[PDB]
Every structure is written in C-alpha cells, then in structure tokens.
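One structure is given here, and the rest of the page talks about it.
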Amino acid sequence: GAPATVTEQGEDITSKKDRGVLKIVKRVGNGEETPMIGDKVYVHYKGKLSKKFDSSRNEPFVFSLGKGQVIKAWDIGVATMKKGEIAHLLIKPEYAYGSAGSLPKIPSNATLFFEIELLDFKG
Ligand SMILES: CC[C@@H](C(=O)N1CCCC[C@H]1C(=O)O[C@H](CCc1ccc(OC)c(OC)c1)c1cccc(OCC(=O)O)c1)c1ccc(Cl)s1
C-alpha cells in the first residue's frame, strides 16, 4: 500500500538522513517555487497511524511554515512541495509526537502517514 511504497521508494528529506521523514511525490505541482520559512501555507490532507485515521476538503488547513506551528515532519516536508503537488510522507515518531504521543488518539512512538496537497502559499 501507500506506506510500503514510501518505505521502498521514498526520499529521505531529513537533514540527519535518519529516514525520519520519507517522501514520495504523487502528483507533480507547478513550476519550481517551494515555500520559505514564514510563508503562509494552505493544504488539504489526510493521515493515519501506520488504527486511527483523520481527514481535514472544505476549508484548507492553514499554517505558517517553519515556525513550530506543526510537527517537525510537516515543517520539513511541506517546505519541499510545489503549488499543486500531492505528496505522501511517512514519519517516524522523532519527527511527530515522540514518546509522549498525544493521547488518547496518538500512542507513544507512533509512525504517521500523510497525504498532503499543497494548495497555495503566500509571503
Ligand atoms: C489530528 C492530528 C493530525 C496531526 O498530527 N497534524 C494535523 C495536521 C498537521 C500535521 C499534524 C500537526 O502538526 O498537528 C499539530 C499538533 C500540535 C503540535 C504543534 C507543533 C508541534 O511541534 C512543533 C507539535 O509537536 C508535538 C504538536 C496541529 C494540529 C492542529 C492544528 C495545527 O496548527 C494549526 C493551528 O493550530 O490552527 C497544528 C493527524 C491526523 C492524522 C494522524 Cl495519524 S495525526
């Protein structure tokens, strides 16, 4: 399935190259620009543990990139995305909720999978 495909063919986009955040591009986006730190980003997404599933396609999910507003894997991964791109991210716990988790929904040491569509980003 999609998480296995990410494992096998996904690019390690971590600085440390510890396979903490693996990405595959599922739909190529437009042009070359990708967001900078501070940019306001607009996405649609859904995600799941590697059993819990959550989906945000009415209002976009909005955040400012690279400011610690989301889990580290998203500050890393969304930064790499072009407008219009859909990507899969497989995420080890160090780049998500770690040992504390986020109970009850997210257990300790959870791996997370997300499908993310970057709709737009603005300065
Ligand atoms: C419902 C939780 C969601 C989830 O894990 N996220 C939601 C979508 C973005 C990725 C990730 C997330 O960062 O959750 C964060 C959770 C809180 C959090 C923020 C920063 C963090 O580190 C810097 C952090 O680390 C533990 C946790 C979140 C959730 C809702 C909104 C939000 O920012 C916008 C705002 O506050 O209005 C951010 C998942 C969906 C399916 C999963 Cl399995 S986990």
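Starting from 1 in every chain, residues are counted up; chains themselves are A, B, ... following the order of the structure tokens, and ligands are numbered from 1 as listed.
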Exercise for the section: Identify, on the basis of only C-alpha atoms, every residue whose closest approach to stretch 18-25 of chain A does not exceed 6 Å; exclude the query and any residue fewer than 5 positions from it along the same chain; express the result as JSON, numbers by chain. Expected result: {"A": [10, 11, 12, 13, 87, 88, 89, 90, 91, 92]}
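Using only C-alpha atoms and all ligand atoms, residues with at least one atom at most 6 Å away from any atom of ligand 1 are residues 47, 48, 49, 52, 53, 54, 63, 68, 69, 70, 71, 72, 96, 97 and 112 of chain A.
Here atom CA of residue A:117 and atom CA of residue A:59 stand 12.9 Å from one another.
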Exercise for the section: Check the smallest atom-to-atom distance from each of A:66, A:3, A:107, A:31 to residue A:79 using only C-alpha atoms, then report the winner. Expected result: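 So, comparing all the options, the nearest one is A:66.
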Exercise for the section: Per DSSP on the backbone, filter chain A down to the residues in strand (DSSP E) and report them as a count of residues only. Expected result: 43
Problem - Using only C-alpha atoms: which of A:75, A:95, A:83, A:14 has the shortest distance to residue A:109 - result: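 Going through A:75, A:95, A:83, A:14 one by one, the smallest distance to residue A:109 is for A:95.
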Exercise for the section: Output as an MDAnalysis selection string all residues of stretch 10-115 of chain A that backbone DSSP marks as helix (DSSP H, G or I). Expected result: chainID A and resid 72:78 93:95
Handout entry: Distance query residue A:118 at most 6 Å, only C-alpha atoms, self and fewer than 4 positions along chain excluded, as a count of residues only
Key = 4
Exercise for the section: Point out the residue among A:67, A:105, A:27, A:17 with the least atom-to-atom distance to residue A:41, counting only C-alpha atoms. Expected result: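 Result for the nearest residue to residue A:41: A:67.
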Problem - Polymer residues at most 8 Å from residue A:61, only C-alpha atoms, same-chain spacing of 5 or more positions, as JSON, numbers by chain - result: {"A": [42, 43, 44, 45, 56]}
Can I get the selection written as a PDB file, in the first residue's frame, with N, CA and C atoms?
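Saved the output as again_6.pdb:
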ATOM      1  N   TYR A  42      -1.320  26.746   2.629  1.00  0.00           N
ATOM      2  CA  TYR A  42      -2.694  26.276   2.561  1.00  0.00           C
ATOM      3  C   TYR A  42      -2.697  24.858   1.994  1.00  0.00           C
ATOM      4  N   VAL A  43      -3.178  23.875   2.777  1.00  0.00           N
ATOM      5  CA  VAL A  43      -3.160  22.489   2.323  1.00  0.00           C
ATOM      6  C   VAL A  43      -4.523  21.814   2.480  1.00  0.00           C
ATOM      7  N   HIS A  44      -4.711  20.700   1.780  1.00  0.00           N
ATOM      8  CA  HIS A  44      -5.687  19.682   2.192  1.00  0.00           C
ATOM      9  C   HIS A  44      -4.887  18.436   2.554  1.00  0.00           C
ATOM     10  N   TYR A  45      -5.305  17.671   3.561  1.00  0.00           N
ATOM     11  CA  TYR A  45      -4.529  16.495   3.895  1.00  0.00           C
ATOM     12  C   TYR A  45      -5.449  15.450   4.509  1.00  0.00           C
ATOM     13  N   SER A  56      -8.908  16.406   7.090  1.00  0.00           N
ATOM     14  CA  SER A  56      -9.348  17.815   7.226  1.00  0.00           C
ATOM     15  C   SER A  56     -10.506  18.204   6.276  1.00  0.00           C
TER      16      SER A  56
END
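Across the structure, atom CA of residue A:40 and atom CA of residue A:28 are spaced 20.4 Å apart.
With atom CA of residue A:113 on one side and atom CA of residue A:65 on the other, the separation reads 19.3 Å.
If only C-alpha atoms are the atoms counted, then among A:93, A:38, A:123, A:104 the closest residue to residue A:64 is A:38.
With distances taken over only C-alpha atoms, A:94 is the one residue among A:119, A:101, A:94, A:110 lying closest to residue A:16.
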